[PDB]
Amino acid sequence: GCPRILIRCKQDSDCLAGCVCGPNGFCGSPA
Amino acid sequence: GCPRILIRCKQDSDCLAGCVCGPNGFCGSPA
Amino acid sequence: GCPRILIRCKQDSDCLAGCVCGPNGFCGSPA
Amino acid sequence: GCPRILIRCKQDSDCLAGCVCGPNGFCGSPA
Amino acid sequence: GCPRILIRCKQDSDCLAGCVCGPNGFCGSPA
Amino acid sequence: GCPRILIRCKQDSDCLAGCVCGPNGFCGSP
Ligand code: NA
Ligand code: NA
Ligand code: NA
């Protein structure tokens with residue numbers, strides 16, 4: 001799954017492996 | 001999954017969620 | 001001390017060395 | 001530019017390269 | 001523009017914003 | 001002290017709070 005470090009993002013490729021960019025503008029797991 | 005950031009460790013609890021302290025003294029995925 | 005990177009957690013072992021999982025679900029110093 | 005990881009700071013040197021300490025005590029891009 | 005945190009990768013999307021996955025299997029700045 | 005995340009550095013200001021740029025070229029505890 002996605003690391004739980006808070007990282008702001010605008011798109012999914014901004015995030016670490018396993019993550020997508022959530023509607024809150026942070027990297028998160030895609031569940 | 002363990003995050004793939006390189007983190008030096010002594011013991012498993014030094015590591016982020018999903019990780020253990022591997023043979024080579026870095027955090028990594030179990031086995 | 002606990003590094004001042006914001007990381008969400010469920011239990012203490014989710015956090016980096018020096019940190020515990022606070023009642024707000026973020027890593028921090030046991031102080 | 002400053003990495004978009006949430007990191008608390010009291011002064012710019014607390015942050016990663018490219019970053020300054022913003023008005024709310026987190027690391028961010030200058031200006 | 002790539003943060004200088006050492007992160008191992010298999011593909012560019014594994015890396016933070018501004019980074020690509022070098023032939024070295026680490027996140028780094030592109031050309 | 002300093003987090004044990006590997007961060008490459010040229011100077012101390014490249015590092016997180018409590019850290020300096022050590023002779024190994026990485027941020028560490030002073
Ligand atoms: Na831990
Ligand atoms: Na710094
Ligand atoms: Na990415």
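Counting starts at 1 for both ligands and their atoms, following the listed order. For the numbers below, each heavy atom of this structure counts, side chains included, while hydrogens, waters and symmetry mates do not. Residue numbering restarts at 1 for every chain, and letters A, B, ... go by the order of the sequence lines.
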Problem - Within-4.5 Å side-chain heavy-atom neighbours: E/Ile7 and B/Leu6 - result: no
Handout entry: Distance in Å, E/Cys9 SG paired with B/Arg4 CZ, rounded so as to fall on 0.5 Å steps
Key = 9.0 Å
Handout entry: Protein N/O/S atoms closer than 3.0 Å to the Na ion (ligand 1)
Key = B/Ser13 O, B/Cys15 O, C/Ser13 O, C/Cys15 O
Ignoring hydrogens and angles, write down the donor-acceptor pairs under 3.5 Å from the side chains of residues 22-31 of chain D, residues two or more places apart or on other chains.
from    : atom 1 : to     : atom 2 : distance (Å)
D/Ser29 : OG     : D/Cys2 : N      : 3.0

Show the atom names and distances, to 0.1 Å, of all donor-acceptor pairs under 3.5 Å that link a side chain in residues 13-20 of chain A to residues at least two apart or in another chain.
from    : atom 1 : to      : atom 2 : distance (Å)
A/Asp14 : OD2    : A/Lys10 : N      : 2.8
A/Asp14 : OD2    : A/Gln11 : N      : 3.1

